[PDB]
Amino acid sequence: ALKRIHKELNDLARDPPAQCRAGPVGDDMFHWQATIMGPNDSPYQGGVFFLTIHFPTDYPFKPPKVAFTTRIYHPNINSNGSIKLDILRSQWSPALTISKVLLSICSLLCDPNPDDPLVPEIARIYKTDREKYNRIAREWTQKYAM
C-alpha cells in the first residue's frame, strides 16, 4: 500500500487539480487531511471544505474511508460528514486515486441525487424549492466553510 500511497502524494505535489489538495500531516502515510474548494457559480462558491482520509492496509484493493469534517448542506452527505457515494463502496476501482476521488466528490456537490438521498429532509427541499435550497446551502457555506 505504502508505495502506491507515496506515488499519489508525489503526483499531488507536482500536479494537483485546481479544486483539491490532500496529504498527511505527520509521517503517518495512512491518514491524510484534504480540502475541496466549493465550485465557482454554485451555492458553495468561496468555501473551503475539509475532509479526512483513512487508507486501509490493503489499499488500493479496498477504497479509502473519506468523510467531511466541515459541515455541508447536501442531500448525499449527512451531519456526520458521511458521503453516500458508490465509488466509496461497491463501485470502487483500484485505478482511482485520492486526486480523482476528491474531484469526483467535488463534481457531486453540484450533481446530487435527491431521489435516493442520505438526508431526506434536504432532498425534499432540493426537489420542491430549488431557490430555498440554494439560499440554505449558501448560508451554510458562509457559516461553516469560511
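Start at 1 with the first residue shown and count on from there.
When the C-alpha B-factors of 109-117 and 73-81 are averaged, 109-117 comes out higher. As the entry records it, the average C-alpha temperature factor is higher for 37-45, out of 54-62 and 37-45. When the CA B factors of the chain's modelled residues are split into thirds, the value for residue 93 lands in the lowest one. Ranked by Cα temperature factor within the chain, residue 124 sits in the highest third according to the deposited record. Remark: residue 1 belongs to the middle third of its chain, ranked by C-alpha B-factor as recorded. In the deposited entry, the Cα temperature factor of residue 14 places it in the highest third of its chain's modelled residues. In this PDB entry, residue 138 carries a Cα temperature factor that places it within the middle third of its chain's modelled residues.
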